[PDB]
Protein chains: 6
Amino acid sequence: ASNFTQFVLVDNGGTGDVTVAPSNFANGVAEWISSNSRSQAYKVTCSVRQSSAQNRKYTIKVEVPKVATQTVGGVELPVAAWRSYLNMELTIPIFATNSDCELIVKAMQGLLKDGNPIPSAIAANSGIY
Amino acid sequence: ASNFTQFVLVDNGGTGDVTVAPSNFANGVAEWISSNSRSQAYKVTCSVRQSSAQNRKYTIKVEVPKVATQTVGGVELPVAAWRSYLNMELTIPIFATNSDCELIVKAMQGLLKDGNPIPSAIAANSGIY
Amino acid sequence: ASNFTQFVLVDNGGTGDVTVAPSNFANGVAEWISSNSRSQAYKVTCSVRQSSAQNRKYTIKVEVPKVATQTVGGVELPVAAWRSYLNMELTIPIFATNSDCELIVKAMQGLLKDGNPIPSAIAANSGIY
Amino acid sequence: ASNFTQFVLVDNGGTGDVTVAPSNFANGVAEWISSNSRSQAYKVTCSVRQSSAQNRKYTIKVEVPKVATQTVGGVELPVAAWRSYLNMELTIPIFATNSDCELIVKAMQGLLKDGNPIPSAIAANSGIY
Amino acid sequence: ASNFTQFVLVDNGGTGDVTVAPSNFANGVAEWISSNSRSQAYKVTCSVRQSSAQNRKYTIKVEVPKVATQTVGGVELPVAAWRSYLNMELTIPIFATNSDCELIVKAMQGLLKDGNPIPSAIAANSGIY
Amino acid sequence: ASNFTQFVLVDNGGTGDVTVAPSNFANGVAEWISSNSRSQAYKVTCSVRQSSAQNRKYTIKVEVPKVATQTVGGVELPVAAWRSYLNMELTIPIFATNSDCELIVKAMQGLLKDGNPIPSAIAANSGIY
RNA sequence: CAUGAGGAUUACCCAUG
RNA sequence: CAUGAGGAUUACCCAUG
RNA sequence: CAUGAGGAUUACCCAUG
RNA sequence: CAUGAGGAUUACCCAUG
């Protein structure tokens with residue numbers, strides 16, 4: 001095995017899909033980027049540290065760019081109009097078994113499933129009410 | 001479209017599903033909890049705010065109980081040994097349209113989809129390798 | 001020849017064998033763990049470096065769980081009462097050829113072979129007498 | 001009994017084998033050396049101490065020499081071109097039973113068994129990858 | 001997936017090839033070493049960093065040894081009579097797409113192709129004329 | 001005889017090849033430039049010197065431009081949006097025979113051969129992982 | 001005592017606590 | 001290290017402890 | 001951080017900004 | 001002259017020895 005593989009970050013039914021690939025592992029931070037110029041690429045990073053004697057902490061970061069072409073000094077450069085940032089920290093006690101961890105993954109997947117509250121609010125630019 | 005409703009957090013295909021229901025709305029912070037004591041419950045909270053002039057920011061927190069060898073309704077100490085904490089922060093520039101936000105949600109879904117690196121690592125008590 | 005693979009750490013002759021698999025590669029430090037919660041897992045880590053101008057140095061660490069009266073998947077405190085730690089450091093002068101290094105490995109195997117003093121003492125909760 | 005006996009440190013199928021014999025027990029440090037001049041001998045030392053109220057620690061040291069003949073002041077002396085050093089510390093909780101300790105010995109033997117990752121890297125002068 | 005793997009540095013048909021294998025990846029610096037005595041080995045290191053707001057910079061190093069045996073006082077050691085050192089720095093703006101980077105790589109390969117001015121000068125202990 | 005000649009820097013089959021031609025050889029620094037606007041041209045420079053009593057040192061530079069058109073006040077000029085810079089220094093002891101130098105050249109070609117770690121990382125806007 | 005993928009000419013030494 | 005419905009141009013920074 | 005056809009025993013060292 | 005995973009608009013510039 002080796003879980004450091006490329007994957008589809010944004011699924012648009014096989015066409016216009018955004019896949020992200022392994023690009024760096026320096027300093028214990030695993031990185032993935034899309035096939036773009038570093039200035040217009042999607043970025044995903046992940047790292048795990050035993051933050052305490054009895055805790056392990058995963059730090060995950062995702063960057064979604066709004067691509068654009070900008071004219072600087074009368075020349076066109078590929079760039080990002082702006083970026084959206086997702087920063088998440090997951091603290092798991094060392095006593096958690098593999099099945100305990102699978103439970104955490106399922107909860108995170110159910111949290112963001114289409115039709116549920118949170119993803120519905122985010123997609124509609126509103127709060128929860 | 002009131003979105004503050006009950007939803008399935010952990011989907012075990014109909015049998016053994018974990019449902020989470022509205023439990024508090026103090027200060028604009030929406031809360032959902034499972035039908036358990038608060039020490040063993042699945043908890044979800046969410047709120048939105050204008051973090052700065054350029055950004056809006058969603059803060060989402062999730063608490064997942066350690067289930068293996070758990071004593072239902074019992075007093076389990078220390079608390080830190082029996083709970084996992086998920087802390088998510090999503091920063092979105094004010095220029096993002098509903099379409100842009102839909103894509104951001106898809107990116108979060110893709111990140112955690114089954115078989116992908118991050119969820120596979122977490123579920124196996126591993127890092128990236 | 002990629003050598004970062006799964007291997008049998010504790011050989012109980014086919015039945016009850018403990019296998020250890022790649023679980024992390026952050027910072028050049030390779031890690032292997034058994035299929036357990038991290039509090040009860042068998043862990044192995046290894047790294048190499050040029051300690052000085054004259055030597056190269058391998059740092060190998062092993063963590064072995066206390067199994068007698070163990071509650072699988074449970075919270076066992078204090079941590080120090082349920083785990084044994086092995087810390088190995090191998091210093092090798094830069095002049096050592098593959099042949100020299102093979103002999104060093106044989107010396108380590110001979111040191112721990114069944115029936116020999118050191119392993120017999122450790123297994124019997126004894127010292128030398 | 002008495003586990004303070006000679007043993008084969010390096011096994012080359014009964015011919016060219018390096019056996020090591022008890023040579024000193026002063027100050028609670030058990031020592032073994034090969035039949036050589038003190039300057040060209042293999043050396044093994046072992047000691048156990050109750051390092052804490054609830055821990056016992058084994059300190060083991062092995063020295064593998066690269067033998068050579070050196071001319072000093074126009075005279076030939078038996079000496080060591082260089083030496084390889086193995087230093088290991090094993091911390092075992094006092095609650096470990098004899099079977100718990102046998103588990104530690106087996107893990108150390110499996111760790112160094114021919115064909116496995118670590119001994120393969122060391123013998124090939126490389127890291128783990 | 002992984003590019004921190006073993007590879008052929010010097011290609012002498014199929015036999016006499018110099019292969020370099022991963023050895024260490026500490027502090028964002030990946031290192032590869034050829035087999036046998038570290039003192040007579042080929043070395044390759046590589047790293048990337050954000051040198052400035054718009055630039056990423058690669059630092060690559062190669063060491064080619066002149067294998068020889070040292071004899072002092074009748075003691076002979078495997079050493080490097082001397083070493084040839086290669087140090088290269090490649091700066092690439094963040095606006096470069098994958099296509100641009102591929103072009104940069106072709107330029108480097110073209111610069112060193114057999115028969116061209118530069119590799120010809122070096123191979124003949126010469127300069128330009 | 002002469003090695004200060006025209007040569008192919010970038011090989012794109014037979015058509016679209018980037019050729020670089022001699023332009024100047026002042027102060028021991030040989031320079032090659034591709035055709036058309038100097039502002040959009042590829043540049044290669046090379047020089048050798050006795051860096052010390054025992055060493056000779058080659059300094060080589062390559063510049064890869066990103067061709068673009070600049071427009072200011074309705075006036076358009078051919079320019080380079082940006083440039084990628086390569087700087088390499090090769091030190092070779094005066095004891096190196098022609099055979100040794102040929103080996104050094106093969107090492108450089110091997111380092112950059114298609115499919116190998118380094119050229120692969122660069123071509124993909126990546127680091128080592 | 002303890003911790004260090006801290007060093008050594010290897011039962012010594014260094015740093016932090 | 002830890003905590004923040006603390007900030008960011010996002011592996012950085014701030015406050016409290 | 002940046003520059004040097006600056007030097008090295010090559011992830012160190014120097015000069016200038 | 002030498003070193004720097006020091007920076008650049010790349011035969012210039014900086015820090016240290």
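Naming: A, B, ... by sequence-line order, numbering from 1 per chain. Computation of the quantities below employed the complete heavy-atom set of this structure, encompassing side-chain atoms and omitting hydrogens, waters and symmetry-equivalent molecules.
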Residue pair E/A30 / E/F4: nearest heavy atoms and the distance that separates them: CB-CE1, 3.9 Å

note: B/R56, atom CZ; H/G6, atom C1'; distance rounded to Å ~ 18 Å

Among G/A11, H/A5, J/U9, the nucleotide that comes nearest once only the side chain of F/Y85 is considered: J/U9

side-chain N/O C/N55 vs G/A8 OP1/OP2, d < 4.0 Å: yes

Separation of A/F25 atom CZ from H/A11 atom P, in whole Å? 17 Å

Gap in Å between the two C1' atoms, one belonging to G/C14 and one to G/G6, rounded: 7 Å

Distances under 3.5 Å between nitrogen or oxygen atoms of protein and nucleotides 1-4 of chain G:
residue, atom, partner, partner atom, Å
G/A2, OP1, D/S51, O, 3.1
G/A2, OP2, D/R49, NH1, 3.1
G/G4, OP1, C/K61, NZ, 2.9

Any strand counts, and the cut-off is 3.5 Å on both contacts for Watson-Crick or G-U wobble. Which nucleotide pairs with G/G17? G/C1

Would you classify D/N27 as touching base, sugar-phosphate or nothing, given that sugar-phosphate means primed atoms plus P, OP1 and OP2, and contacts are heavy atoms under 4.0 Å? nothing

Separation of H/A5 atom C1' from A/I128 atom CD1, nearest Å, is 13 Å

H/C1 to H/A5 separation - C1' atoms, rounded to the nearest Å: 23 Å

Do C/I118 and C/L111 have side chains that approach each other closer than 4.5 Å (heavy atoms only, starting at C-beta)? yes

Could you check whether E/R83 and E/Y85, counting side-chain N and O atoms only, form a donor-acceptor pair closer than 3.5 Å? no

Contacts of F/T45 and F/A53 projected onto RNA chain I by closest heavy atom; the upstream (5') one is F/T45

Tell me the interatomic distance from B/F95, atom CZ, to H/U9, atom P, rounded to whole angstroms. 11 Å

Between C/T59 and D/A30, which is nearer to the 5' end of RNA chain G once each is assigned its nearest nucleotide? C/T59

Between atom CD in A/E31 and atom P in H/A11, what is the gap in whole Å? 9 Å

Look at D/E31 together with D/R38 and state whether they make a salt bridge at an N to O cut-off of under 4.0 Å. yes

Using the side-chain contact (heavy atoms from CB on, under 4.5 Å) rule, take B/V62 and B/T45 through it: C-alpha gap first, then chi angles, then the decisive distance, then the call. CA-CA 7 Å; B/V62 178; B/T45 58; over 6 Å; no

5' priority, RNA chain G, between D/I60 and C/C46 [closest heavy atom]: C/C46

Take atom NZ of D/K43 and atom P of G/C12, then tell me their distance rounded to the nearest Å. 10 Å

Counter-base of I/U9, judged by Watson-Crick or G-U geometry with both distances under 3.5 Å: none

Any side-chain heavy-atom pair from A/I92 and A/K57 closer than 4.5 angstrom? no

If I compare all heavy atoms of E/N27 with all of C/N27, which pair ends up nearest, and what's the gap? N-OD1, 4.4 Å

Nearest-Å distance, CD1 (C/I92) to P (G/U9)? 13 Å

Round to the nearest Å and state the distance from C/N24 atom CG to G/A5 atom P. 15 Å

Along RNA chain I (nearest heavy atom to each residue), the more 5'-positioned of F/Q50 and E/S47: F/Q50

Residues E/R49, E/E89: salt bridge by 4.0 Å N-O rule: yes

